[PDB]
Structure formats: C-alpha cells, structure tokens
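Read the structure below first, then the notes.
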Amino acid sequence: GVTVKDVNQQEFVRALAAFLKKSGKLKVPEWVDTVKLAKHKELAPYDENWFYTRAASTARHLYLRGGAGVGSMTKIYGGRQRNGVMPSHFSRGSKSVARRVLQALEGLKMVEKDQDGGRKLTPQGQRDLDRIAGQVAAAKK
Amino acid sequence: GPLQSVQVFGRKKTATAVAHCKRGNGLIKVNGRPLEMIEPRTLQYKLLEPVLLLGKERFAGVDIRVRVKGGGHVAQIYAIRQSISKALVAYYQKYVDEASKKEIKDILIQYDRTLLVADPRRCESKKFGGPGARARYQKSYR
Amino acid sequence: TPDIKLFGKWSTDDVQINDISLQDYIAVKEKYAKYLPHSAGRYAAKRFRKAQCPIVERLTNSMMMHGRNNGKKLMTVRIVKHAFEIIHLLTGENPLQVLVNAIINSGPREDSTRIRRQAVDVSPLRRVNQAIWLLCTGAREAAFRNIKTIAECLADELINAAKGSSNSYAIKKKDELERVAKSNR
Amino acid sequence: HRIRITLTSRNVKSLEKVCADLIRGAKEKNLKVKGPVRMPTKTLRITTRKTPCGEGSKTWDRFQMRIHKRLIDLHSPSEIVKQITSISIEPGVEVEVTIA
Amino acid sequence: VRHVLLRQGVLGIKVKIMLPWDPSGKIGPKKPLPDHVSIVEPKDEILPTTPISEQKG
Amino acid sequence: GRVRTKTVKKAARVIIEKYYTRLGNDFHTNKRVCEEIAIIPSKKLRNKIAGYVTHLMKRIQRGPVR
Amino acid sequence: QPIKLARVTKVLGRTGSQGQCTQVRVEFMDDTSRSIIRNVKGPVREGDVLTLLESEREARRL
RNA sequence: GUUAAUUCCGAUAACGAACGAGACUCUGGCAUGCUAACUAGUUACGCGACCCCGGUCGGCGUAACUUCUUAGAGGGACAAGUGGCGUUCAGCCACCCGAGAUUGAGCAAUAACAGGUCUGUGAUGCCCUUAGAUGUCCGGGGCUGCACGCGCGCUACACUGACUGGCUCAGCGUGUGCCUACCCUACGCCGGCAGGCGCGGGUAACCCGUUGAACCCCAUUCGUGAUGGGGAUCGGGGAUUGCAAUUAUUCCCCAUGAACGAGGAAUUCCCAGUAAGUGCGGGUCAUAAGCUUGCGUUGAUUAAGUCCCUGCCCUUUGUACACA
Ligand SMILES: [Mg+2]
Ligand SMILES: [Mg+2]
Ligand SMILES: [Mg+2]
Ligand SMILES: [Mg+2]
Ligand SMILES: [Mg+2]
Ligand SMILES: [Mg+2]
Ligand SMILES: [Mg+2]
Ligand SMILES: [Mg+2]
Ligand SMILES: [Mg+2]
Ligand SMILES: [Mg+2]
C-alpha cells in the first residue's frame, strides 16, 4: 500500500486528531482547558481540542523517529521567545504537556518506553497510522 | 542481475544531497518521500524541471533515492534539483550511449547552468569591527 | 510540455514587445522565461548580465524591500503569482503582456541631471530599472496602511500602468520627471 | 590482540612522518594493521584585543592553535607495540597506547 | 626583546637577526626563500653531427 | 592587474637563455621542464615563470628579442 | 517635435560632474545618413536603441 | 605607455643594490582519481514491524567500497588558446574550454606623534606615604543617584503584519579545572511555568546530538480602530544562584497598557552569497547578552564610472609658513 510519507502531513495530523475524536479514551488531564502550552507562547490556543492534534503530531513524530523523550519534545515544540524590549531567542516548550501526551499514549497502546531512554512506536500504532494514511490517500484520490 | 547503482552528490552553499539511481520503475523520492510533498510548495515546478524538460520516457526506467543533509530549505531543494539531474547524466553516461547523454546535457545547459554546475559562492567570513562581512559599525564623530 | 515552457499555467509565447528599444532588455521570450521567477543567482556579476535576467525575476527581487521584507523570495513569488491571477481575472489578457506594456509605458524616456540641471535621454536598461522601481514603489505605497492586499495593489498598479490612465503612482512620477526634463532643457 | 595507538600532534608533517613510520614498522614486522584514521582537527580560537590598555581603534587578534589526532589499530601482542613505540619518537607527537 | 635597568632609566633592546639558508638546516632554515629562484648551470654538451652506435653486451 | 614581476621575468630570461633547446610552445610541457631544471619553491611562482617563458617563446617565434 | 529612434554605434566617454553620463554617438534608424552625439545616463553598450523625444538637440563635445 | 602597486616596457650620469608591494601562510571551491577508517558511513543481503511482487524504517547485524564523513600527499589557473587594441614591447577587453579568467583575512617599509597605557606586570627612574598608613584585612554604601544634551545599539510604528496550531531544514563551536570551592546534559516522575527529585553518558567524531534554531511554508482568528501593532511604567505572587538581592541579580504567572501613524537640519555603512532580515556558539558568567567575536538560514536594489565634496599619492609652479 502506502506510508505516511506519501501522505500530505498537514491534513494527516487533522485526520489523526479526528481519529482520536472518534476513539475518545485518551484520559485527558483536568488542566487542559485553561493552560498555556509554553513559556514563550502568549495566549491559549484558538482550537478547543489542541491536545488531540498535538497527540497526533506526537504520534507521527515518533513514527518518523523513535526514542524521543521529553527534552526532544520540548525541542520540537520550541519557538520564538518574544522578550518585548529585548531581542528574541529560542525557547523550549512545556515539559508536562508532552509528558501527559506520552502518558496518554502509554495508557492506550500507541507508544512504548524503550531501552536507553525514550519512547518508541508500537506495531499497533504503526498499523493504525498506516490505516489512516490509506484513509487520507483514499480521501485525496 | 547486475546492479546498476549510481551514487552522485550535489552541493549547494552547505546542503549536500546524494542521489542514487538503479534499474527500476519511474518513481523518484527524496528521504523516503516523493517530490509532491517537499515544503515549501512554491518550488514544486522547480523540482519537476528535469522531468518536464526530459519527459517521462527518460525517467521511466530510472528510480532515484536521495539522502540529504545540511543547509536550509531552498538549499536542499536546489541540492536535490542539481543532484537528480547529475545522477541521470552519470547513469546515461555509464550504462547507455554517450550521444543521448550529450543531448540531455545540452538540454540541461540550454535551460540553466545550476542543474549541472554547482555554484561556488559560499558565506564570506565576518570581520572584526563590523556586524557583517563588509559592513562596519556606525562611526561616531564628535 | 517539453518543447514550449509554461510559466505556471502561462504561455511563454504570444508576448508582443511593442517598443523595439526595449526588445533586448526585456528578457521574456523563448529563452529566459522559466517555470518560476525564483533562481539561483550570479546575475550581478557582470555589468550587462542584469539584462539577461528575466523581468519577472527582476520584479520578484525588487519587491522585497524596507527592512522587514528583505530576504523573503518565496513570499514575494507568492505575491507575484497571485498578482498575475488578479491581473488575469480583471483584464482577461496575458499578465506577462500586461507587465511588458506597463514597463514600456511607465519607463521614462528622459531625465535631468547635474552637468542648474540639464536634460538627457536615458539608457533603455536604466529605463527598465526605473520602471521596475517606480511601479513597486507605487504598489507598496498603495498597500501600506490599507485593507487592500499587496497582490491586489500590485495588480492594480500594473493594470493602471498598462492602461496609462494617469491613476498609477509610477505613471504620475514618470510624467513628473518627463515634465521636469522638458522644462529644464 | 587489538591495541589502539592514538597520535596527537600540533605539527602536521611530523605527525604524518610518525604515523608513516608506524605503518612501515608494522609492515616490516608483518602484522595486520589498519590505515591511519584521521579525526576532525580542532582549532583552539582565542580573540583578544591588540591594545594592552583600552584606548585605540577596535582591532582584534585571532590566535589559532590547530591540534590533530590520528589513530592506528594493531592486531599484535603488547611487546611488539612497546618495541615499535619505543623507537623513533619526536617531541611534537604524543602517543597514547590503549591495550583494550 | 629584552630590558636593561640603568641608573637613570630602563632601556629596551630589540635584536633581529636573519638566518642564512642552508641545505642541512643546522645553521638556518631548510626551506629556501620564496623569491630566490635557484637556477642551475647547464652542462656542456657536444651535439653529434654524425650518427654512430655504442653497441655493447 | 596580471603583471609579472622582475623575479619572474629575469629568472625566465635566465631559463630561456640556458635551456633554449629544451623549452617549447606548449605550456604544460615547458612548465614541467622549468620545474625539472629550476629550483622553484612554490607552484604559483612556477606557473608565473612558465607563463612568461611561453610568452617569450612566442616573442622569439615572432621575431628577435632584445 | 516628433519622436525618433536612434541606435548606439560608439560610446565616446564618461561625462557629467560626478561621472554619470555616457557620451554616445547615435546613428538614426529612420535616416541612416544623419548621426549625432548626445550625453546619455545609464549603462550603455554598443548596439541598442534609445527613444529620443527630439533629435534637434546636441551635446557639446569636450 | 602600462599596473591595484617605484608593476613592468623603454629612455638615461648613471651603475650595482636593499626594505615595502608582489612573492608567502591560512581559508573557499574542483578532483566519481591516490591514501584512509566499528569515535562517519554507503549500498547489498539476513531478519523484525506495518500497508495493499512492491514501499518506508537514524529498528537490529554483517559484505565490499569511499559518492556523501574527515584529513594527508599531489594536481589544477598561467592572460595559457582564439578575436581585436597597443612602439606590435610592457600590457588591456571580450570569447571557447573550463569549479574558479579580481574569494577573503594575517603579515606588512623609512621617519614620527611629546597619541593611549605607571589602573597588566615582582618592566621601571624620580617624587609622596610608611603604623593614627596611599600597605593589607573586615562591615555597609557607591561605581546604578537625575531639571538636562550627546554617542553606540535593541524594540517597534503593523495587513508584505500579529496570534494560534501543523510541517521543516544548519554550521562554527563549547563541555567536569594546580590554587579553583564553579561542566554539557540524555531519560523517568512532581508542577502551568520558572524549576525540583533519581539513576545514567561524556576528558569528546563515543554523550548531550541526525545539534528536530529561527526567518520562511501551510491552515484558522484579526479588519485600518493607537487595533489582537508596540510593551515602557507599576502592583501582587512563585522558583534558581550566592554568606548577603533592599536601589526590584535573573527567570515564570496574572494584571496595569504610555509615547510611537515611516521621523526636520545633519550623518553612518555597503556593492555578491554582499547589505539587510533571522537565529545559534565563545568571551565577560556562581547567578548573565539589548555588547563583542565567530557561524549558519533566506537573500536582493543599483554600479563596472568620477574628482563635484571629503581626502590621499607623483610632476611643475609661488611662498613673507617651518610649534609648517
Ligand atoms: Mg519550532
Ligand atoms: Mg495591505
Ligand atoms: Mg606619548
Ligand atoms: Mg600626552
Ligand atoms: Mg569592602
Ligand atoms: Mg560604569
Ligand atoms: Mg493594545
Ligand atoms: Mg502584541
Ligand atoms: Mg562589555
Ligand atoms: Mg607670487
């Protein structure tokens, strides 16, 4: 068939977010609705289900490369730290939000903790990712 | 039977892209994904340029796999742009006749020198007493 | 399409350059038109290698100005592409032909200089460069502090320069420089 | 059996002469030898002011120290390695002999 | 560059000595000067106008 | 300014004066010939001397040299 | 005062105060026998056409 | 006459010379060729995972090799070939072949300033002090004080922009110390964050690290309103460093929401991977980048000229100047 690399990723993360909407058992934390996702961000996100979209993005990043822990997730979710009157720099994201994403993906079997540190992606998660890759391929065809 | 493996590098300012041609079907992919999804998408026809110039008949028998490291976005795009064309020219030089290789080389040269010859321009070193290479800080009289 | 080149969805051919003075210095026909106005570089090496640069690439390069926009060439490629779309959806002609006519109309045939100022007729390459600078300056002045986007402003400036209805800032500055040169000669 | 010689030096042609001499010694004493593996060199960079005091034009020195490190893997016992490395060493090259 | 402490003040001495070139390298440096192009003299040869042979062995 | 210096020109005149029979018109031949006969420390100076040797040999083939 | 085209046949030299005007010999492509000398701003190579608004003027040769 | 050059050709009461420039060293390219490699890999296989024979894997192991990795010897470019200009000499322009047909820095002559440095030195003359010390040690304050002006820089004045998500690429580098008490940090839990708690790796192509940096790309929210631009000022709280933060050391959260609508006279820097936008390393560092020094990404406008201004270098001319 196809893989996720033949699939356009921008609608693919939304499709896996819709898949998590269909599943609905990720056991979201209580402080999801009110928290700001980073020290360098300013506002809360405009979308009400940013947790599912970021878990979709976490799933496809762990599919592309495994063994990515909390520091690597803050590295991929870092950005500009607008210091106001001072020049901007790079700032990593929040640790606990990606920690809860990995706890949800360890709760329902999409990732697994690997030796020598980090999270790898399980063959069940690879199965679901290639199924939704075929879904987005059949949608765009 | 015999492996027609051709490994050809292509260089921008810092980005290096090594294309790999074999005997196979007409598929071209870079870092495990084809040319249709390489962001930014404004340089999609720039990636399609050797296919549009040479037709699908030349690329039908050649499969190209490219490993890329270094540079930026436009640097990697122009690196794979140069590398797949140089890899096809080296493949058609080694395994088929030199006349079609010379014709394809003429077609590439009459379009752009960047498709074959790499640009030797690299970043000039910053000097002391300036924010950049040639520019100096603002001299203050009085 | 291996033989004829298609600028996106636009044809290289059917582009009539009216002014024979601007025939060589407008590099748009049969050799210099490509798929995108983006390129590698090297055009600023020799003196008249700038004439061999295509005019859509020259507009793409001259659009990025004023600090915050320097070095966004993919972004101004997007601007020029949507501007060509708006030019087609308003006029109903070739956007390349509209831009060539805009260069021919907006390019000032004479200027005045210090040899008290005396008027002299300018070089055609300098005239092309002056037209590209003036229409870009008019488009940026129309887009600054305005609801109307940069693509719509650049399309309106090129269409007004191709029409010559004295509503464009480039046409106005061209007529002003031509009137000053007619006065001090 | 696998003994690793690490050759660190500041000068270039002297280090090349030392590693070539070790290659010729291994070839004369008939043992399996790997090629001289180059490491990426290190450029110790110091940027100070030329003026001892603070009053002058803004000039800056660039003190560079280039260091180089090659390595040679030998398939030989320890006495052969000691006998080879005891002979013909020059002060520019520091030798680190790892038994394992 | 050296110092000397006299009674009235302190004097500095700068001695710069250019070493001559040698093939051995004991009295000076081994590398010759970048401007000195050492051109050797050609040997005196006599061109033979008569073809002869030197057959031996 | 690609102007040859006196250390190039006088040494080239000495080479052509002593070894006129060996030198020729081809640059890549008489460059190696000048490398063999003369002790030249650097490749750039060797190329300058070889180029001025080729130019003086062109002057000799055209006419008499002062 | 009609508009006349003129092809550059020879550039003479740099003129102007700051050195910004090329002294240019132009042959008219309408009347091929008549030719004049004018100062021209901008980069000028041999063999291109200027669109002169009047042909009656002439620059002073220095 | 020519050159970036007192660089050469040629004349010649000059000849023979010397420093400088040039030459040289490093850096950047080009070598499908040589040497190399379990502290870089490549492509083939053997498996493993997933999708409908084929595709992906920085998931694992090994089979030749070095194209990508690194660093050594070499080579390559010289106005050499062509067409013109030129005393047909010195040299100049364009073109073919070609990775280059001016890449950048270091070094840098004679003579001087009464240029800066005694607050770099246990480099130092002379003068002052030397026990109620200008020596040395400790506590606190100051070097931050604010009617004012100047300078180097940062933030911006937005719609070519801001916010919120998703995609996605770097290279210079640095890292556990003689005294020295102070390293880079992976990963798992706690917390929204600043951070804290435990096992590990690394004296370095081994680990941080495939350094998942930003600009940019894609998709919503905004609608020309001092607005979701801009974040100055100020209140409340929570963490780290240190013996000690008050005159808030820094960082994080909420809130307060000023001028500024592209800037007068005047002035700075620059022409190719250059300016500019943009972020990342080193120094200062216990805590620490609005500076500086390097590096990387995106990447142009215009120019192949001139003495108009500012100045410099030769020749002639005049001088009542020679601290000129
Ligand atoms: Mg980011
Ligand atoms: Mg607008
Ligand atoms: Mg003094
Ligand atoms: Mg003084
Ligand atoms: Mg005290
Ligand atoms: Mg102070
Ligand atoms: Mg507001
Ligand atoms: Mg804001
Ligand atoms: Mg400072
Ligand atoms: Mg008088």
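Ordering of the structure tokens sets the chain letters (A, B, ...), residue numbers begin anew at 1 in every chain, and ligands are numbered from 1 in the order given.
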6 Å from ligand 1 is the threshold here; counting only C-alpha atoms (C1' of nucleotides) and all ligand atoms, which polymer residues fall inside it? Answer as an NGL selection string.
:A and (76-79)
Need the shell around region 98-105 of chain B: protein/DNA/RNA residues with any atom at most 9 Å away, counting only C-alpha atoms (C1' of nucleotides). Skip same-chain ones fewer than 3 positions apart. Format as a PDB file with N, CA and C atoms, in the first residue's frame?
```pdb
ATOM      1  N   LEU B  54      12.803  16.648 -19.779  1.00  0.00           N
ATOM      2  CA  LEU B  54      13.260  15.427 -20.424  1.00  0.00           C
ATOM      3  C   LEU B  54      12.138  14.447 -20.742  1.00  0.00           C
ATOM      4  N   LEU B  88      21.243  11.356 -13.255  1.00  0.00           N
ATOM      5  CA  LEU B  88      20.726  10.812 -14.508  1.00  0.00           C
ATOM      6  C   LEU B  88      21.748  10.946 -15.634  1.00  0.00           C
ATOM      7  N   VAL B  89      22.505  12.051 -15.652  1.00  0.00           N
ATOM      8  CA  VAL B  89      23.539  12.234 -16.675  1.00  0.00           C
ATOM      9  C   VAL B  89      24.669  11.219 -16.492  1.00  0.00           C
ATOM     10  N   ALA B  90      25.071  10.964 -15.242  1.00  0.00           N
ATOM     11  CA  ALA B  90      26.121   9.975 -14.994  1.00  0.00           C
ATOM     12  C   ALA B  90      25.638   8.556 -15.287  1.00  0.00           C
ATOM     13  N   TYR B  91      24.360   8.272 -15.008  1.00  0.00           N
ATOM     14  CA  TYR B  91      23.796   6.958 -15.313  1.00  0.00           C
ATOM     15  C   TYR B  91      23.724   6.721 -16.817  1.00  0.00           C
ATOM     16  N   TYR B  92      23.291   7.733 -17.576  1.00  0.00           N
ATOM     17  CA  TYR B  92      23.217   7.581 -19.026  1.00  0.00           C
ATOM     18  C   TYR B  92      24.587   7.694 -19.685  1.00  0.00           C
ATOM     19  N   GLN B  93      25.586   8.207 -18.970  1.00  0.00           N
ATOM     20  CA  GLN B  93      26.949   8.124 -19.475  1.00  0.00           C
ATOM     21  C   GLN B  93      27.523   6.731 -19.269  1.00  0.00           C
ATOM     22  N   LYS B  94      27.265   6.129 -18.107  1.00  0.00           N
ATOM     23  CA  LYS B  94      27.903   4.860 -17.784  1.00  0.00           C
ATOM     24  C   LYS B  94      27.227   3.682 -18.482  1.00  0.00           C
ATOM     25  N   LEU B 108      19.960  20.387 -20.617  1.00  0.00           N
ATOM     26  CA  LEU B 108      20.099  20.960 -19.279  1.00  0.00           C
ATOM     27  C   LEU B 108      20.896  22.263 -19.304  1.00  0.00           C
ATOM     28  N   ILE B 109      21.942  22.332 -20.134  1.00  0.00           N
ATOM     29  CA  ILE B 109      22.779  23.534 -20.196  1.00  0.00           C
ATOM     30  C   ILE B 109      22.023  24.683 -20.861  1.00  0.00           C
ATOM     31  N   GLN B 110      21.192  24.374 -21.865  1.00  0.00           N
ATOM     32  CA  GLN B 110      20.403  25.424 -22.504  1.00  0.00           C
ATOM     33  C   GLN B 110      19.280  25.935 -21.607  1.00  0.00           C
ATOM     34  N   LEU B 116      23.605  21.493 -13.546  1.00  0.00           N
ATOM     35  CA  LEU B 116      24.797  20.660 -13.636  1.00  0.00           C
ATOM     36  C   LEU B 116      25.964  21.233 -12.843  1.00  0.00           C
TER      37      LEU B 116
END
```
Could you report the residues within 9 Å of ligand 9, using only C-alpha atoms (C1' of nucleotides) and all ligand atoms, as an MDAnalysis selection string?
chainID H and resid 284 291:292
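For residue 65 (chain A), the set of protein, DNA and RNA residues having any atom at most 8 Å away, when counting only C-alpha atoms (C1' of nucleotides) and skipping those fewer than 4 positions along the same chain, is residues 61 and 120 of chain A; 58 of chain H.
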So that I can check the surroundings of region 8-10 of chain B, please list as a PyMOL selection string every protein, DNA and RNA residue that reaches within 9 Å of it, counting only C-alpha atoms (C1' of nucleotides) and ignoring chain neighbours fewer than 4 positions away.
(chain B and resi 15-21+78-84+86-88+90+116+118) or (chain H and resi 32+67-68)
Requested write-out: C-alpha atoms (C1' of nucleotides) of the selected residues, as a PDB file, in the first residue's frame:
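Below you can see again.pdb, which holds the result:
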```
ATOM      1  CA  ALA B  15      23.415  21.366   1.834  1.00  0.00           C
ATOM      2  CA  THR B  16      24.620  18.079   0.344  1.00  0.00           C
ATOM      3  CA  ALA B  17      22.262  15.691  -1.450  1.00  0.00           C
ATOM      4  CA  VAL B  18      23.384  12.301  -2.771  1.00  0.00           C
ATOM      5  CA  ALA B  19      21.108  10.760  -5.382  1.00  0.00           C
ATOM      6  CA  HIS B  20      21.128   7.034  -6.127  1.00  0.00           C
ATOM      7  CA  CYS B  21      19.956   5.603  -9.451  1.00  0.00           C
ATOM      8  CA  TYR B  78      18.287  23.191  -5.204  1.00  0.00           C
ATOM      9  CA  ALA B  79      20.666  20.461  -3.988  1.00  0.00           C
ATOM     10  CA  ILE B  80      18.257  17.669  -4.950  1.00  0.00           C
ATOM     11  CA  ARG B  81      17.462  19.648  -8.140  1.00  0.00           C
ATOM     12  CA  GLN B  82      21.104  19.501  -9.195  1.00  0.00           C
ATOM     13  CA  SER B  83      21.730  16.008  -7.840  1.00  0.00           C
ATOM     14  CA  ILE B  84      18.973  14.056  -9.607  1.00  0.00           C
ATOM     15  CA  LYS B  86      23.656  14.943 -12.481  1.00  0.00           C
ATOM     16  CA  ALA B  87      22.798  11.399 -11.371  1.00  0.00           C
ATOM     17  CA  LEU B  88      20.726  10.812 -14.508  1.00  0.00           C
ATOM     18  CA  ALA B  90      26.121   9.975 -14.994  1.00  0.00           C
ATOM     19  CA  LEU B 116      24.797  20.660 -13.636  1.00  0.00           C
ATOM     20  CA  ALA B 118      27.374  23.912  -8.704  1.00  0.00           C
TER      21      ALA B 118
ATOM     22  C1'   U H  32      33.104   9.531  -9.103  1.00  0.00           C
ATOM     23  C1'   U H  67      29.971   9.007  -3.608  1.00  0.00           C
ATOM     24  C1'   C H  68      28.265  11.517   0.893  1.00  0.00           C
TER      25        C H  68
END
```
I need the contact residues of chain H against chain B, so if you could list those with any atom within 9 Å, counting only C-alpha atoms (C1' of nucleotides), and return them as a PyMOL selection string, that would help.
chain H and resi 28-29+32+43+55-56+67-68+99-100+103-105+150-152+167-171+210+216-218+268-270+272-275+293-298
Please report as a list in words which residues of chain C come no farther than 6 Å from chain H, using only C-alpha atoms (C1' of nucleotides).
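Written out as asked, the residues are residues 47, 61, 70 and 71 of chain C.
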Any chance you can output those residues with N, CA and C atoms as a PDB file, in the first residue's frame?
```pdb
ATOM      1  N   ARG C  47      28.406  43.602 -15.786  1.00  0.00           N
ATOM      2  CA  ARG C  47      27.649  44.836 -15.958  1.00  0.00           C
ATOM      3  C   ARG C  47      26.308  44.609 -16.647  1.00  0.00           C
ATOM      4  N   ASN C  61      12.672  40.277  -7.310  1.00  0.00           N
ATOM      5  CA  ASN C  61      13.799  40.716  -6.497  1.00  0.00           C
ATOM      6  C   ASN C  61      13.613  42.146  -6.006  1.00  0.00           C
ATOM      7  N   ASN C  70      13.158  42.021   3.540  1.00  0.00           N
ATOM      8  CA  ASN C  70      14.373  41.643   2.827  1.00  0.00           C
ATOM      9  C   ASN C  70      14.697  40.173   3.053  1.00  0.00           C
ATOM     10  N   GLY C  71      14.804  39.431   1.957  1.00  0.00           N
ATOM     11  CA  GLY C  71      15.085  38.013   2.016  1.00  0.00           C
ATOM     12  C   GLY C  71      13.863  37.141   2.216  1.00  0.00           C
TER      13      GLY C  71
END
```
Could you list the protein, DNA and RNA residues that have any atom within 12 Å of ligand 10, counting only C-alpha atoms (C1' of nucleotides) and all ligand atoms, and write them as a PDB file with C-alpha atoms (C1' of nucleotides), in the first residue's frame?
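File result_0.pdb, as written:
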```pdb
ATOM      1  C1'   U H 317      54.645  76.352 -10.123  1.00  0.00           C
ATOM      2  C1'   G H 318      54.688  80.518  -5.874  1.00  0.00           C
ATOM      3  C1'   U H 319      55.529  81.266  -0.699  1.00  0.00           C
ATOM      4  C1'   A H 320      56.824  86.919   3.720  1.00  0.00           C
TER       5        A H 320
END
```
Quick one: pull the distance between CA of residue 67 (chain A) and CA of residue 34 (chain B), Å, one decimal.
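We find that CA of residue 67 (chain A) and CA of residue 34 (chain B) lie 25.5 Å from each other.
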Residue set, region 47-80 of chain C restricted to helix (DSSP H, G or I), as a ChimeraX atom specification
/C:55-63,73-80
What would the file look like if the residues just selected were written as a compact mmCIF listing (two decimals), in the first residue's frame with C-alpha atoms?
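Output saved as result-v8.txt:
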```txt
# COMPACT_ATOMS: atom_id res chain seq x y z
CA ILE C 55 11.83 40.69 -15.86
CA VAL C 56 9.56 38.62 -13.61
CA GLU C 57 12.62 37.63 -11.56
CA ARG C 58 13.66 41.30 -11.55
CA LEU C 59 10.25 42.36 -10.19
CA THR C 60 10.40 39.48 -7.68
CA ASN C 61 13.80 40.72 -6.50
CA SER C 62 12.85 44.40 -6.43
CA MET C 63 9.66 43.74 -4.45
CA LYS C 73 11.73 35.48 -2.07
CA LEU C 74 9.32 32.55 -1.79
CA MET C 75 6.88 35.00 -0.20
CA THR C 76 7.18 37.55 -2.99
CA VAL C 77 6.93 34.71 -5.54
CA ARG C 78 3.54 34.01 -3.93
CA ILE C 79 2.76 37.75 -4.23
CA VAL C 80 3.68 37.90 -7.94
```
Need to verify the contact set: residue 46 (chain G), 8 Å, only C-alpha atoms (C1' of nucleotides), exclusion of same-chain residues closer than 6 positions in sequence. Can you return it as a ChimeraX atom specification?
/G:8-11
For ligand 5, collect every residue having any atom at a distance of at most 12 Å from a ligand atom (counting only C-alpha atoms (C1' of nucleotides) and all ligand atoms); output as an NGL selection string.
:H and (137-142)
List all protein, DNA and RNA residues that have at least one atom no more than 9 Å from any atom of ligand 4, counting only C-alpha atoms (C1' of nucleotides) and all ligand atoms, and write them as a PDB file with C-alpha atoms (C1' of nucleotides), in the first residue's frame.
```pdb
ATOM      1  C1'   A H 114      55.937  64.504  23.120  1.00  0.00           C
ATOM      2  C1'   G H 115      48.637  59.698  20.565  1.00  0.00           C
ATOM      3  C1'   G H 116      46.884  55.780  24.720  1.00  0.00           C
TER       4        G H 116
END
```
Find the residues around residue 41 (chain D) up to 8 Å (only C-alpha atoms (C1' of nucleotides) counted), leave out those fewer than 2 positions away in its own chain, and share them as a ChimeraX atom specification.
/D:39,43,66-69 /H:71
Show me which residues are within 10 Å of ligand 8 counting only C-alpha atoms (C1' of nucleotides) and all ligand atoms, and format the list as a list in words.
residues 42, 82 and 84 of chain A; 162, 163, 228, 229, 230 and 231 of chain H
Compile the contact shell of residue 260 (chain H) as a ChimeraX atom specification: residues with an atom at most 9 Å away, counting only C-alpha atoms (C1' of nucleotides), same-chain residues fewer than 3 positions apart removed.
/H:156-157,226,230
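Pairwise distance (CA of residue 127 (chain C), CA of residue 36 (chain G)) equals 21.1 Å.
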Å distance separating CA of residue 73 (chain D) from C1' of residue 73 (chain H), one decimal place
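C1' of residue 73 (chain H) lies 21.8 Å from CA of residue 73 (chain D).
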If you run DSSP over the backbone, which residues in chain C end up strand (DSSP E or B)? Put them as a PDB file with N, CA and C atoms, in the first residue's frame.
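Printed below is result.pdb as written:
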```
ATOM      1  N   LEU C   6       6.019  26.559 -19.851  1.00  0.00           N
ATOM      2  CA  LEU C   6       4.794  27.092 -19.267  1.00  0.00           C
ATOM      3  C   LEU C   6       5.122  27.724 -17.924  1.00  0.00           C
ATOM      4  N   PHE C   7       5.016  29.048 -17.849  1.00  0.00           N
ATOM      5  CA  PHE C   7       5.220  29.781 -16.605  1.00  0.00           C
ATOM      6  C   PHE C   7       4.019  29.518 -15.707  1.00  0.00           C
ATOM      7  N   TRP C  10       0.976  29.711 -17.593  1.00  0.00           N
ATOM      8  CA  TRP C  10       1.017  30.764 -18.597  1.00  0.00           C
ATOM      9  C   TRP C  10       2.024  30.448 -19.693  1.00  0.00           C
ATOM     10  N   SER C  11       1.664  30.819 -20.919  1.00  0.00           N
ATOM     11  CA  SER C  11       2.470  30.514 -22.090  1.00  0.00           C
ATOM     12  C   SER C  11       3.606  31.516 -22.238  1.00  0.00           C
ATOM     13  N   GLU C 110      13.341  60.168 -20.733  1.00  0.00           N
ATOM     14  CA  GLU C 110      14.381  61.147 -20.449  1.00  0.00           C
ATOM     15  C   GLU C 110      14.393  61.470 -18.963  1.00  0.00           C
ATOM     16  N   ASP C 111      15.490  62.083 -18.522  1.00  0.00           N
ATOM     17  CA  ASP C 111      15.638  62.525 -17.143  1.00  0.00           C
ATOM     18  C   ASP C 111      16.488  63.795 -17.169  1.00  0.00           C
ATOM     19  N   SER C 112      16.717  64.389 -16.000  1.00  0.00           N
ATOM     20  CA  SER C 112      17.556  65.572 -15.884  1.00  0.00           C
ATOM     21  C   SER C 112      18.615  65.326 -14.822  1.00  0.00           C
ATOM     22  N   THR C 113      19.773  65.957 -14.998  1.00  0.00           N
ATOM     23  CA  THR C 113      20.916  65.673 -14.144  1.00  0.00           C
ATOM     24  C   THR C 113      21.831  66.889 -14.094  1.00  0.00           C
ATOM     25  N   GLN C 118      20.423  69.808 -16.564  1.00  0.00           N
ATOM     26  CA  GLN C 118      20.265  69.628 -17.998  1.00  0.00           C
ATOM     27  C   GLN C 118      19.635  68.269 -18.263  1.00  0.00           C
ATOM     28  N   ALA C 119      18.772  68.214 -19.271  1.00  0.00           N
ATOM     29  CA  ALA C 119      18.021  67.003 -19.560  1.00  0.00           C
ATOM     30  C   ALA C 119      18.715  66.160 -20.620  1.00  0.00           C
ATOM     31  N   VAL C 120      18.755  64.854 -20.366  1.00  0.00           N
ATOM     32  CA  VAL C 120      19.352  63.876 -21.268  1.00  0.00           C
ATOM     33  C   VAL C 120      18.431  62.666 -21.364  1.00  0.00           C
ATOM     34  N   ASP C 121      18.477  61.989 -22.509  1.00  0.00           N
ATOM     35  CA  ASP C 121      17.701  60.774 -22.707  1.00  0.00           C
ATOM     36  C   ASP C 121      18.440  59.588 -22.099  1.00  0.00           C
ATOM     37  N   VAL C 122      17.701  58.734 -21.391  1.00  0.00           N
ATOM     38  CA  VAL C 122      18.309  57.675 -20.590  1.00  0.00           C
ATOM     39  C   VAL C 122      18.543  56.413 -21.411  1.00  0.00           C
TER      40      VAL C 122
END
```
